[PDB]
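Below sits a lone chain in structure tokens, taken as the form deposited in one PDB entry.
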């Protein structure tokens, strides 16, 4: 496979080239804003982002080597994590605000329009401020996002030869993260420390996704926020 034959810079090149675009929302600033309209905007945006995420996953090295059943499984458990880390990355340069779209910037005050959303908003803000303090690089972000895709579902799977292949790709991404930090002048002690700090953030992203997934499972029962057929299939994959 070409995934195990890629160098570090070639890995970064492939990941940077496969980046999905930043989509716009249908946000009308003049129009009044109900709790159901804000969620309608967030649902519409996330549904369109999902289509791009699926084609982005195809371009992640090693992902196409997997069986079709495993690709479905990895995306079903990781899709919200990937949306959330993308949101957090876009919001680094906007302290106290979440850039859902270039025309949709929300602070924690607007997040209060949806009940229970406040806690998830604050965790996303805290993750965004952590990236800002660490000065996370774009080359490091695409590595982390691809780690989430390959790691988040590998322990939720007779012939586990495909599981061993995912770990070989994960190790190559680790080599790529280290190659980036050594390129930026960090010492060996600094490289290992930064690598650990980044991967520990993925634990909190999993936490946010789990808490977010159960907030989405309740709004489906309320039937007030519209839910697309793809998102309902993604949401039912966790229940």
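Residues that one form lacks are left out of the comparison. Definition used throughout: the rigid core is the maximal C-alpha set that superposes within 1.5 Å between two forms. Positions refer to the first chain, counted from 1.
The protein also exists as the form deposited in another entry; that form is not presented, and the subsequent description refers to it.
With the rigid core superposed, which of 58, 192, 69, 31 has its C-alpha shift by 2 Å or more between the shown form and the other one?
The answer here is 31.
Take the rigid core as the frame of reference and indicate whether the C-alpha of residue 219 shifts by 2 Å or more between the shown form and the other one.
Yes, shifts by 2 Å or more.
Where do residue 222 and residue 230 end up in the other entry, Cα atoms closer or farther than shown, with a change of 3 Å or more?
Compared with this form, residue 222 and residue 230 lie closer in the other entry.
Note whether the distance between the C-alpha atoms of residue 77 and residue 222 decreases (closer) or increases (farther) in the other entry, against the displayed form; the change is 3 Å or more.
Their C-alpha distance shrinks by at least 3 Å in the other entry.
With the core superposed, could you pull out the runs of three or more residues whose CA atoms all shift by at least 2 Å between the shown form and the other one?
Runs shifting 2 Å or more: 27-33, 219-222.
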